[PDB]
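Here's the structure, in structure tokens; my notes come after.
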Amino acid sequence: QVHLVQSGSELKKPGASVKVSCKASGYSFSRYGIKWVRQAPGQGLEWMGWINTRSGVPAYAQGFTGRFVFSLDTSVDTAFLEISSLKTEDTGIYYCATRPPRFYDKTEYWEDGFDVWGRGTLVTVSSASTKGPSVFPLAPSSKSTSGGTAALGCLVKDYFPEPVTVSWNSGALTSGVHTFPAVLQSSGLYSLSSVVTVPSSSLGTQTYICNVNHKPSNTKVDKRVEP
Amino acid sequence: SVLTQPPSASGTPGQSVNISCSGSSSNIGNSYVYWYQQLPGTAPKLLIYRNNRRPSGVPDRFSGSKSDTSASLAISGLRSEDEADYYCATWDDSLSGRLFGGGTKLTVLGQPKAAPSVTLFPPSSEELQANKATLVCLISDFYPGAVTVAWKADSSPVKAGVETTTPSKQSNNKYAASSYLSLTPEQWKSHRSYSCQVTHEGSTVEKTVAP
Ligand code: NA
Ligand code: NA
Ligand code: NA
Ligand code: NA
């Protein structure tokens, strides 16, 4: 039975390097090739390539060029992934697994050990620099909302770390407010939007102001959102 | 080359569900298909190999099929413990590598399916003055909790500069997510239009904005 043991979590600055290990445990290391697979947070599996544990020769996916290197040390039954010049967009979990060869047909030999995955190694690349938000008005639009109403909002862009709070009209306006969970961008910064549905008839006479508070940077922004 | 999977597949307890995986002659056409089960926060596990074969410990509730340039995973006797993301994968001769599908979330329905509402905001004039441009696509009111977001420029696909959240529930007990497209002001101005397209179960909703 295949077991692959992967090195733990890594917390890295942009421009640093990381070496993730994938050690075979309780089977013969040269039996199977090892594939590497990335998964950004909340998103799909991306095949990175694989390494031949008999010959030592790696093969890379098209997405994964100079900065990503597969290597072995067959003295200690271990495959490595080495990433140089780390970017914030490298953030994600890096799995190793055994892999099957390509087959012509189903009469060929199969063992289940051909496809068994390690637990994955999370590599986090982040400056962890404090960044205040830029706030932009999202002018009212009637397209998506009920009769006689419009949606308007604020876009709270490029801040770090969490959290940001948003109120409307200093807390007087709560009905129909939705402040969306922030996205953690490939840049390593957060953004979020807060949207509120309001009466269309009010547009020409009711002021709407989003109150954005980013405690970590000691930033407060109040943005009037006009038609 | 991509293997196209729906974002969401769902049923009630005991039902059968059938998850599709759509390819081309240069992947599924030519090569064997594998399926993986990935429970949230856990490593993918082999479910199906060589189109329709099960490894040890996989119940025959799970079945795989391949026809020409598509494949499918059927799950009968649907139960809670099945809830997971399911991925197909094959060798793609064009990428010279293994290719994974986008993955399908399997949900045992706790409430009836609800279709997504989509709100798409163009860049603000203030942002454009700051030499940036963000299109904001807010997706609400859907169930089950998984969508695919595609962006288009003049109705061709754009993959660069896209940031999309996972789904989370709002107070109405339905899921919402957001997707942001980053452009230059020059890109925004120079195209006829940009689109945010949301796919969910039987629904596609596409909203388009123009400079
Ligand atoms: Na070696
Ligand atoms: Na492989
Ligand atoms: Na194959
Ligand atoms: Na997210």
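Just remember, in the structure tokens the first chain shown is A, the second B, etc., residues are 1-based per chain, and ligands are 1-based in the order shown.
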Practice task
Return as a PyMOL selection string every polymer residue, whether protein, DNA or RNA, with at least one atom no more than 8 Å from an atom of ligand 4; count only C-alpha atoms and all ligand atoms.
Solution key: (chain A and resi 41-42+181-184) or (chain B and resi 164-167)
Practice task
Find the residues of chain B in contact range of chain A, meaning any atom within 7 Å when counting only C-alpha atoms, and list them as a list in words.
Solution key: residues 42, 43, 44, 45, 46, 50, 55, 95, 97, 98, 99, 100, 102, 103, 118, 119, 121, 124, 126, 127, 163, 164, 165 and 166 of chain B
Exercise for the section: Enumerate as a ChimeraX atom specification the residues within 9 Å of ligand 1, counting only C-alpha atoms and all ligand atoms. Expected result: /A:53,55-56,71-78
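Of the listed residues A:28, A:36, A:167, A:162, the one whose atoms come nearest to ligand 2 is A:36, with distances taken using only C-alpha atoms and all ligand atoms.
Note that the spacing between CA of residue 173 (chain A) and CA of residue 196 (chain B) amounts to 28.9 Å.
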Exercise for the section: Mind listing the strand (DSSP E or B) residues of region 27-183 of chain B, per DSSP on the backbone, as a ChimeraX atom specification? Expected result: /B:34-38,45-49,53,62-67,70-75,84-92,97-100,104-108,114,117-121,133-143,148-153,156-158,162-164,168-169,175-183
Problem - Between CA of residue 187 (chain B) and CA of residue 131 (chain B) - distance in Å to one decimal - result: 11.3 Å
Fill in the blank from the handout: Among B:51, B:11, B:41, B:35, ligand 3 is approached most closely, using only C-alpha atoms and all ligand atoms, by B:51
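The residue set within 10 Å of residue 89 (chain A), counting only C-alpha atoms and dropping same-chain residues fewer than 2 places from it, reads residues 14, 40, 86, 87, 91, 92, 124, 125, 126, 185, 186, 187 and 188 of chain A.
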Go ahead and save the residues from that selection, with N, CA and C atoms, as an mmCIF file, in the first residue's frame.
```cif
data_model
loop_
_atom_site.group_PDB
_atom_site.id
_atom_site.type_symbol
_atom_site.label_atom_id
_atom_site.label_comp_id
_atom_site.auth_asym_id
_atom_site.auth_seq_id
_atom_site.Cartn_x
_atom_site.Cartn_y
_atom_site.Cartn_z
ATOM 1 N N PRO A 14 7.350 36.979 -1.175
ATOM 2 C CA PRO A 14 7.615 37.104 -2.596
ATOM 3 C C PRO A 14 9.104 37.206 -2.881
ATOM 4 N N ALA A 40 -5.169 25.968 -6.167
ATOM 5 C CA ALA A 40 -5.400 27.265 -5.541
ATOM 6 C C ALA A 40 -6.638 27.187 -4.668
ATOM 7 N N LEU A 86 9.354 33.136 -5.731
ATOM 8 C CA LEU A 86 7.945 32.859 -5.469
ATOM 9 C C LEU A 86 7.099 34.107 -5.701
ATOM 10 N N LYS A 87 5.949 33.907 -6.333
ATOM 11 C CA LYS A 87 4.973 34.974 -6.549
ATOM 12 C C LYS A 87 3.741 34.727 -5.677
ATOM 13 N N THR A 91 0.353 30.828 -4.516
ATOM 14 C CA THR A 91 -0.256 30.374 -3.276
ATOM 15 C C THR A 91 -1.244 29.245 -3.566
ATOM 16 N N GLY A 92 -1.146 28.173 -2.793
ATOM 17 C CA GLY A 92 -2.023 27.024 -2.990
ATOM 18 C C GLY A 92 -1.471 25.767 -2.356
ATOM 19 N N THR A 124 2.021 29.301 1.155
ATOM 20 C CA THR A 124 1.452 30.634 1.188
ATOM 21 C C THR A 124 2.544 31.650 0.885
ATOM 22 N N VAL A 125 2.360 32.390 -0.201
ATOM 23 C CA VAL A 125 3.231 33.508 -0.545
ATOM 24 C C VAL A 125 2.491 34.825 -0.337
ATOM 25 N N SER A 126 3.054 35.648 0.537
ATOM 26 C CA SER A 126 2.416 36.899 0.961
ATOM 27 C C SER A 126 3.478 37.808 1.571
ATOM 28 N N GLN A 185 -7.206 37.746 -3.818
ATOM 29 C CA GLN A 185 -6.721 37.774 -5.149
ATOM 30 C C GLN A 185 -5.364 37.131 -5.328
ATOM 31 N N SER A 186 -5.039 36.826 -6.577
ATOM 32 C CA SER A 186 -3.744 36.256 -6.916
ATOM 33 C C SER A 186 -2.609 37.177 -6.507
ATOM 34 N N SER A 187 -2.937 38.452 -6.320
ATOM 35 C CA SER A 187 -1.976 39.457 -5.880
ATOM 36 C C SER A 187 -1.606 39.317 -4.415
ATOM 37 N N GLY A 188 -2.450 38.598 -3.678
ATOM 38 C CA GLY A 188 -2.314 38.469 -2.233
ATOM 39 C C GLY A 188 -3.067 39.530 -1.451
#
```
Exercise for the section: Extract, using only C-alpha atoms, all DNA, RNA and protein residues at most 8 Å from residue 64 (chain B), discarding same-chain residues fewer than 4 positions from it, and format them as a ChimeraX atom specification. Expected result: /B:48,51-53,71-74
Practice task
Name all residues at most 10 Å from residue 203 (chain A) (count only C-alpha atoms; drop same-chain ones fewer than 3 positions away) and give them as a VMD selection string.
Solution key: chain A and resid 140 149 to 150 198 to 200 206 to 208 226 to 227
Output N, CA, C and O atoms of each residue in that selection to a file, as a CSV table (one decimal), in the first residue's frame.
```csv
chain,number,residue,atom,x,y,z
A,140,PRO,N,-26.0,53.3,-9.1
A,140,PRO,CA,-27.3,52.5,-9.2
A,140,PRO,C,-27.6,52.0,-10.5
A,140,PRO,O,-27.5,52.7,-11.5
A,149,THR,N,-37.1,49.5,-8.0
A,149,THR,CA,-35.8,49.6,-7.2
A,149,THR,C,-34.6,49.6,-8.1
A,149,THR,O,-34.6,49.2,-9.2
A,150,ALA,N,-33.5,49.9,-7.4
A,150,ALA,CA,-32.2,49.8,-8.1
A,150,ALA,C,-31.1,49.3,-7.1
A,150,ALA,O,-31.3,49.5,-5.9
A,198,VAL,N,-32.4,49.8,-3.3
A,198,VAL,CA,-33.1,50.9,-2.8
A,198,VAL,C,-34.2,51.4,-3.7
A,198,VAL,O,-34.2,51.0,-4.9
A,199,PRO,N,-35.1,52.3,-3.3
A,199,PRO,CA,-36.2,52.7,-4.2
A,199,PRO,C,-35.7,53.6,-5.3
A,199,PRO,O,-34.9,54.5,-5.1
A,200,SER,N,-36.2,53.3,-6.5
A,200,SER,CA,-35.8,54.1,-7.7
A,200,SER,C,-36.2,55.5,-7.6
A,200,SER,O,-35.6,56.5,-8.1
A,206,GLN,N,-32.5,61.0,-2.1
A,206,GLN,CA,-32.0,60.4,-0.9
A,206,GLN,C,-30.5,60.1,-1.1
A,206,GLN,O,-30.0,59.6,-2.1
A,207,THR,N,-29.7,60.6,-0.1
A,207,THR,CA,-28.2,60.4,-0.2
A,207,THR,C,-27.9,59.0,0.3
A,207,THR,O,-28.4,58.5,1.3
A,208,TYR,N,-27.0,58.3,-0.4
A,208,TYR,CA,-26.5,56.9,0.0
A,208,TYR,C,-25.0,57.0,0.1
A,208,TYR,O,-24.3,57.3,-0.8
A,226,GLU,N,-23.7,58.1,-6.1
A,226,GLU,CA,-24.7,58.9,-6.8
A,226,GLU,C,-25.0,58.2,-8.2
A,226,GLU,O,-24.2,57.5,-8.7
A,227,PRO,N,-26.2,58.6,-8.8
A,227,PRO,CA,-26.6,58.1,-10.1
A,227,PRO,C,-25.6,58.4,-11.2
A,227,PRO,O,-24.9,59.5,-11.1
```
Completion exercise
Using only C-alpha atoms, the best pick from B:177, B:147, B:33, B:153 as closest to residue 105 (chain B) would be B:147
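Counting only C-alpha atoms and all ligand atoms, the residue from B:96, B:16, B:80, B:173 that sits nearest to ligand 2 is B:96.
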Exercise for the section: Within 7 Å of residue 68 (chain A), counting only C-alpha atoms, which residues show up once you throw out same-chain ones fewer than 5 positions away? Write them as an MDAnalysis selection string, please. Expected result: chainID A and resid 82:84
Can you write out the residues you just picked, keeping N, CA and C atoms, as a short mmCIF file (atom, residue, chain, number, x, y, z; two decimals), in the first residue's frame?
```cif
data_model
loop_
_atom_site.label_atom_id
_atom_site.label_comp_id
_atom_site.auth_asym_id
_atom_site.auth_seq_id
_atom_site.Cartn_x
_atom_site.Cartn_y
_atom_site.Cartn_z
N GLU A 82 10.65 22.14 -6.14
CA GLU A 82 11.38 23.35 -5.80
C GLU A 82 10.84 24.52 -6.61
N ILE A 83 10.34 25.53 -5.92
CA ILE A 83 9.87 26.74 -6.57
C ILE A 83 10.77 27.91 -6.21
N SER A 84 11.28 28.58 -7.23
CA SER A 84 12.10 29.77 -7.03
C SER A 84 11.30 31.05 -7.25
#
```
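CA of residue 170 (chain B) is found 20.9 Å from CA of residue 9 (chain B).
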Problem - All residues 7 Å or closer to residue 7 (chain A), only C-alpha atoms, same chain fewer than 3 positions away omitted, as an MDAnalysis selection string - result: chainID A and resid 20:22 121
Just-selected residues, C-alpha atoms written as a PDB file, in the first residue's frame:
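What landed in selection_37.pdb:
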```pdb
ATOM      1  CA  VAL A  20       8.490  20.704  -0.768  1.00  0.00           C
ATOM      2  CA  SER A  21       9.211  17.047  -0.035  1.00  0.00           C
ATOM      3  CA  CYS A  22       7.192  13.956  -0.929  1.00  0.00           C
ATOM      4  CA  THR A 121       1.626  20.974   1.131  1.00  0.00           C
TER       5      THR A 121
END
```
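Minimum distance to ligand 3 across A:67, A:218, A:108, A:34 (counting only C-alpha atoms and all ligand atoms) occurs at A:108.
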